[PDB]
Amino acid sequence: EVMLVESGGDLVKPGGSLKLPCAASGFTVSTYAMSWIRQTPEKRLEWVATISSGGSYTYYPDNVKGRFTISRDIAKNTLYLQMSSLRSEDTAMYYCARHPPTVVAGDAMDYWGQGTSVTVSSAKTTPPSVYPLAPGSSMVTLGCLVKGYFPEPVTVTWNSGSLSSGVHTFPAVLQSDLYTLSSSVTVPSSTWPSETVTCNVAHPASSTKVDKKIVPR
């Protein structure tokens, strides 16, 4: 089916630069109007840019105008977003979207890509510290504290993935430009410590991988 795959997201310093591509499969780019739309960490969706179905026109709301450029390459069947002179307010998820003919969906957007994530910040990239959470005293609950990494994202698994029922992983919280999260896991108490539970944490950005056996204090 129709598929749009954004890529290029990254962490960059304020006043920096970078280019997102968005690759279309399932339809030709050269025959559709296409926009970039962004969603801020706080879930607010705002307009970024648009290119005309015939490719001769472009729009940018005033806050990105003059700093951003939407281009299309009909041969590559790919949409671009050149972003220069970046501001921390630009930190958001960048979705790539198409508009079908007005006869099909009143100029609305029928398909949206999956997003790439951009972070405008000067904060330095930092691997996480990983700590077990075992109880000190029927259904035993455990966890991983993943403290002081940046930038997002971080991936947390249990026994290399074999353990998924009874897992919650809480959104990261940002204090002092470093993130912290925790994951919980539940398991019958009988399987403890018969089965050594390990949380596995990866922080791609810093080439960090840490497995961490939870043992009982």
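Numbering starts at 1 and follows the sequence shown.
The modelled chain breaks after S137 and resumes at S138, leaving 4 to 9 residues of the deposited sequence without coordinates. When the C-alpha B-factors of 158-166 and 31-39 are averaged, 158-166 comes out higher.
Higher average CA B factor: 196-204, of the stretches 14-22 and 196-204. In the PDB entry, the Cα temperature factor peaks, among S53, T180, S189, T50, at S189. Sort the chain's modelled residues by C-alpha temperature factor and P151 lands in the highest third, per the entry. Ranked within its chain, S71 lands in the lowest third, by CA B factor from the PDB record. The deposited CA B-factor of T58 belongs to the lowest third of values across its chain. Sort the chain's modelled residues by C-alpha temperature factor and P100 lands in the lowest third, per the entry.
Per the PDB record, residue ranking by Cα B-factor puts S84 in the middle third of the chain.
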